[PDB]
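Line by line, the protein sequences are chains A and B.
Residues 500 to 549 in the UniProt record's numbering are what the first sequence spells out, letter by letter.
Residues 821 to 872 in the UniProt record's numbering are what the second sequence spells out, letter by letter.
Virtual Cβ for every residue (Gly too), placed ideally from N, Cα, C.
What follows is one structure encoded as structure tokens, with my remarks underneath.
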Amino acid sequence: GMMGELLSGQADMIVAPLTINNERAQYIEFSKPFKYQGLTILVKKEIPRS
Amino acid sequence: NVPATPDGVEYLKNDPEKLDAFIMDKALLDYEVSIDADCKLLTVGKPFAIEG
Ligand SMILES: N#Cc1cc2[nH]c(=O)c(=O)[nH]c2cc1[N+](=O)[O-]
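Here you go:
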């Protein structure tokens, strides 16, 4: 996929979300993160009246 | 302005007078609320302008 195409040789900048990782930071090189992502939760509408 | 963070909290702590709101890193302004049994303070809103 995208990472594979980068490491192929014919791409230079993966401007996209990339969800940095411990081990994913060896065969490529990163920069200063510019947003924060985390696994969140949603629930169905639970806002009635009295 | 306030000359110091502990001075800032104490200056807010003259309840209810003087200040009503504050702005600072969200890694001191969480310790500063994590020692009060009465928990008179709290953190609200959306974080912004990241910093390391
Ligand atoms: N947005 C987004 C998004 C971004 C991602 N970025 C990644 O690097 C990844 O592995 N999975 C992702 C999954 C999502 N996703 O579908 O929520």
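Residue 839/B is not a Cβ neighbour of residue 849/B, given a cutoff of 8 Å. Apart from the 5 residues on each side of it in sequence, residue 526/A sits with its Cβ closer than 7 Å to the Cβ of 506 in its chain, given in chain order.
Judged by DSSP in its simplified three-state form, residue 502/A adopts helix. Distance check between residue 867/B and each of 847/B, 856/B, 826/B places 847/B closest, using alpha-carbon atoms only. Around the Cβ of residue 514/A, a 10 Å sphere holds fewer than 16 other Cβ atoms; the residue is exposed.
Pairing residue 540/A with residue 504/A, the inter-Cα distance amounts to about 32 Å. Its chain contains 822 as the residues whose beta carbon lies nearer than 6 Å to that of residue 828/B, once the 5 sequence neighbours on both sides are disregarded; these appear in chain order.
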